[PDB]
Amino acid sequence: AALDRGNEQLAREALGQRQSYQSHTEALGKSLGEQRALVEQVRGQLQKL
Amino acid sequence: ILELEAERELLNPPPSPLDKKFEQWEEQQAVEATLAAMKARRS
């Protein structure tokens, strides 16, 4: 919505701002991809014991 | 007093001046558009 004015500099500022949040989102998405795969195996071990 | 004022500011960071400029611009756009519609509707 901010690009409507026609000043692309503020658009560049916002786009450069969101990149840190994108990087953080990817960083957490990487960690979840392995924690989810590990908790299942722990649950299986408990079930057999 | 200043120590406590800064210490509570550290825990919850204040918003960036860029955010304040953006929200001020949004408010100005909203009020300008609304007053334009105000002038156009009675006409």
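Cβ placement follows ideal geometry from the backbone for every residue including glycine, while neighbour counts extend to all protein chains displayed. Where a number appears in this text, it was derived from the coordinates with a stated rule and is not lab data.
Being more than 8 Å from the chain's Cα centre (by Cα) and in a helix (DSSP H, G or I) is the filter; apply it to segment B:11-23 and report the residue that is farthest from the other protein chains (Cβ to nearest Cβ).
Applying the filter and picking the extreme gives B:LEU11.
Counting just the residues of segment A:1-28 that are assigned to a helix (DSSP H, G or I), of a type in the set (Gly, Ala, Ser) and within 14 Å of chain B (Cβ to nearest Cβ), which one comes out nearest to the chain's Cα centre (by Cα)?
Out of the qualifying residues, it is A:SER20.
Is it the case that segment A:29-47 has a residue that's under 28 Å from B:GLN28 (Cα atoms) and either exposed (fewer than 10 other Cβ atoms within 10 Å of the Cβ) or more than 14 Å from every other protein chain (Cβ to nearest Cβ) (or both)? Give the steps one after another, and end with the answer.
Applying the first criterion (under 28 Å from B:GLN28 (Cα atoms)) to segment A:29-47 yields none.
Among the residues of segment A:29-47, not one is under 28 Å from B:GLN28 (Cα atoms) and either exposed (fewer than 10 other Cβ atoms within 10 Å of the Cβ) or more than 14 Å from every other protein chain (Cβ to nearest Cβ) (or both), which makes the answer no.
Name the one entry in A:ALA14, A:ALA1 that is small (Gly, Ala, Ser), within 30 Å of B:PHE22 (Cα to Cα) and surrounded by 10 or more Cβ atoms within 10 Å (Cβ to Cβ).
A:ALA14
What do you reckon, is B:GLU26 within 14 Å of chain A (Cβ to nearest Cβ) and either assigned to a helix (DSSP H, G or I) or of a type in the set (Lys, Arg) (or both)?
It is true that B:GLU26 is within 14 Å of chain A (Cβ to nearest Cβ) and either assigned to a helix (DSSP H, G or I) or of a type in the set (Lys, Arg) (or both).
When you scan segment B:29-43, how many residues do you find that are among the hydroxyl-bearing types (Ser, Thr, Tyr) and either within 13 Å of another protein chain (Cβ to nearest Cβ) or farther than 27 Å from A:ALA2 by Cβ (or both)?
1
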